[PDB]
Every structure is written in C-alpha cells, then in structure tokens.
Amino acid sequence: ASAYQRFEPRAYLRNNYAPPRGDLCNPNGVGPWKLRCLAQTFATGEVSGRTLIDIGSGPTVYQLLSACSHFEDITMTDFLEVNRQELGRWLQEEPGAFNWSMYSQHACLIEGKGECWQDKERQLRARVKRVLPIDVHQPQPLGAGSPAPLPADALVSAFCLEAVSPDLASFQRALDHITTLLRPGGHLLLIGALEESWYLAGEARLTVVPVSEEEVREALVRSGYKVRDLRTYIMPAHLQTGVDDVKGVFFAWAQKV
C-alpha cells in the first residue's frame, strides 16, 4: 500500500494509455475492445439510474465516456491525492491535463449516435460532480458522512481491486466493501487485469494479486451479484511492453441481487 505513495500519475498514463496500448486505430487493440465492452453494455439500456460512482478512478476518465450519458450525478474517486489532482486538471480543463480526445472520439465512433467528441467530454465534465478520496479496504470506503449520494444506482471500477489487494481474500473483501455503496438491483461494471502480479508506475512498483476469470466470477457471486456478462481480452505479444506482466483483461457486468 505504502508503495502507492511513490505512484506517478503521468508515468502510469504513459505506460497504459499512450501508444502502443493507447493506440485506438487498430480494432483488435485493448483500447478499442475496452470501450466497446462499456458502450455495448450501456446501449442495452438496462444499466440506468441517477447516480454512479467510479471506484479508484486514478487519473483516467475513459471508463465513464459511454456511461456519463446515462447518469446525471457522477462521483469519481481515488485513494491518492495526486490522482484526484490530475483528474481535476482534466475536469477543469486546466493546463497540463491529460489528453483524452482520441478516446472520446472513439467512444463517439463506437456508440454511433452521430455525436461530436466535444459534446461527449462536455457532458462528462458536466455530470461529474465530485472527486472524492476513497479506500476500498475500509468497510465504508468513502467514510462516515460522504458528499456522495448513497446508495448509488450503479458502480464502475477499472483495475482497482486486484491492484490494491495482496491476495484473493483481500480482493474478496474489498469487493464486499464497495458492494455496500450499491443500491439493491443496482449494476456493477468491473474491469481488471487477469493473472497480473506487478506493474510499474514510475518509481512505484505495485504488487498485484493474480486473478483468473473464474476467480473473478466466483468472487462476484460470493458478494451477492448476478453475473450478467463476463468477457476476456488476451493481451497480445506486441502490447507486452515491460511495464507489467498482465496476461489479459476482463470485463464484468454484474447486478447486485
């Protein structure tokens, strides 16, 4: 955990969201695949409501592009100060913010509702109300009196749990914890690394609990969810850049029953 004190946002974004893993031109890339999972899920029109929380958002916004048009009150979160500060730079359009234009464009492309990418970012920024600190390890992740409207109508978390858990049991608990933030009948979109044990974030060297699709499925169940969908993306050879040892990426659509 203390390892996350040396976690550099810019280095993290450069290792995962800049070429080649960030190139969105090739359909078979992880970028295109990921945005497509989110887009298709929301297009079914079943994941809906008023509020939505992004667990461990880190310095990224992609995971909310297709979502934002379905929830008016979006709450973003993250353990690290530096990460909330990097999100702010992009939300306020301040100088030195990360450039997600390519992602917005592609999300607009995938959705195919003829929307320009500027209207997409404008809507996301508009709907994101707050950027709160969080710790999935605490039984009440956000705290006692959190500004965030609870319980949420849906949850979204990408590459957080398994990246902050030392073993399978912590992973399981952290999932039990965030599930308390979700309203019964609510929806969870969990995205993560498959069979990953480490990944670099600049000077930081984060340890990870390698998990499998089945271990993830079982976990979602043990936490009272009905797995609506679960897909896998096997990391290609040319996307093995040395910044980690991820084997694949998983996408899960679970509904709290």
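The numbering used is simple: start at 1 and walk along the sequence shown. Rigid core: the largest C-alpha set superposing within 1.5 Å between the two forms.
Averaged over structures and residues, the CA distance from the shown form in 9 other deposited structures of this protein after a core fit is larger for 202 to 210, of the two stretches 25 to 33 and 202 to 210. For the pair 158 to 166 and 89 to 97, greater average C-alpha departure from the shown form in 9 other deposited structures of this protein after core alignment is found in 89 to 97. 111 to 119 and 141 to 149 differ in mean CA B-factor, and the higher of the two is recorded for 141 to 149. A summary of the deposited B-factors shows that, of 101 to 109 and 129 to 137, the stretch with the larger mean C-alpha value is 129 to 137. Ranked within its chain, residue 52 lands in the highest third, by CA B factor from the PDB record. Placement of the Cα temperature factor of residue 70 within the chain: middle third of the modelled residues, per the deposited record. Placement of the Cα temperature factor of residue 27 within the chain: lowest third of the modelled residues, per the deposited record. In the deposited entry, the Cα temperature factor of residue 4 sits in the top third of values across the chain's modelled residues. When the modelled residues of the chain are ordered by their C-alpha B factor, residue 91 lands in the middle third.
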